[PDB]
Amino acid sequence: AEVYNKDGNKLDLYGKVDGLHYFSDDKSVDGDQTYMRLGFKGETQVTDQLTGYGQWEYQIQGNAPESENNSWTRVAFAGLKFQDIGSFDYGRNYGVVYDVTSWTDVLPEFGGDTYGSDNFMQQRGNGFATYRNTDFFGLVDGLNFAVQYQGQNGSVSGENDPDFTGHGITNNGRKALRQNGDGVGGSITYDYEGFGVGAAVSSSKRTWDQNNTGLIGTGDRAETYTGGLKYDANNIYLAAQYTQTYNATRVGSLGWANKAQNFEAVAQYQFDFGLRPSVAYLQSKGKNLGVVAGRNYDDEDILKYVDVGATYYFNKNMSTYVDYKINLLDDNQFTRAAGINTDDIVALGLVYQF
């Protein structure tokens, strides 16, 4: 909600509370999943052409006891936008690969999980410098593109930390699975009369910890190549994305896939009375994975499920949903070693937002 708008500056203070419950045989996801989000979008008018802006978003789990706190920053960035020249922002933000893969990240509860957070330039991560251009300098309507750089987020600097290695240290160190070296990426999208087409590419240097702490999927670089299609008109939403990755797709907590072929497709319709049915298919197929937890593998499913669900919108501030993950992965030594969910999940949600 816009809580302030005066002297060439406005502030949108937004958030949501999602009363959420998972039903599953997988007890590590079963039960109360209640959470909330809080954030602000701020925008100041410097000149007629120049805009300054800042955005921050925070998730706070609502399913924990008061003896603990599970919360985190999703995004936190500041930037400048000049009319028909482009925008530049820096901070924690979305990687440009998500410009295209977001087209399928529209399910009521699940979806969007052939990649993760702090996963190179595929979704949210630290230290993104992002240039964006809308309508090609105002010359070609519907033609957007983006060029992005991500600085290294490396190893821990404290010598007594258990994860300490001494290689690729940065101030904001973390575990190898959420590290990254210097990276560059770009996206291009074209919209025309409801139809949309998109491509995105990213190439990140991999850190020392990522290639020398016994994790699978080692190599000099992590790469992604994404193509996307969508139709968004007449209350119909169809979308599909195909991404091919190299040393970039996480295989649970074991490391990365040497190569992965990811596919997501979704079909949705929006009734005027408030109901919005959703059907989707997601798969991540690892290729030539090699040795994983004591056994040799070639091709293995990392993710594979059909998603059936529905959201009912009471209005723009209140909604409820059901989402049903029909999991098609088999329970095997690969999935157990990686700790990948292979059971079905039903989600029931009640959401207030402002």
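Each residue number is its position in the shown sequence, starting from 1.
Student: Determine, for stretches 188 to 196 and 254 to 262, which one has the higher mean CA B-factor as deposited.
Tutor: Here the higher of the two C-alpha B-factor means belongs to 188 to 196.
Student: Where do the C-alpha atoms have the higher mean temperature factor in this entry, in 112 to 120 or in 158 to 166?
Tutor: Higher of the two, by average CA B-factor, is 158 to 166.
Student: Within this chain, which third does the Cα B-factor at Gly15 fall in: lowest, middle or highest?
Tutor: It belongs to the middle third of the chain when residues are ordered by C-alpha B-factor.
Student: Sort the modelled residues of this chain by their C-alpha B factor and say whether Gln179 lands in the lowest, middle or highest third.
Tutor: As the PDB entry reports it, the C-alpha B-factor of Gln179 lands in the lowest third of its chain.
Student: Taking the C-alpha B-factors as the PDB entry records them, is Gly138 in the lowest, middle or highest third of its chain?
Tutor: According to the entry, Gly138 has a C-alpha B-factor in the chain's highest third.
Student: Once the chain's modelled residues are ordered by C-alpha B factor and cut into thirds, is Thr47 in the lowest, middle or highest one?
Tutor: As the PDB entry reports it, the C-alpha B-factor of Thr47 lands in the highest third of its chain.
Student: For the chain shown, is the CA B-factor of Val96 in the lowest, middle or highest third of its modelled residues?
Tutor: Lowest third.
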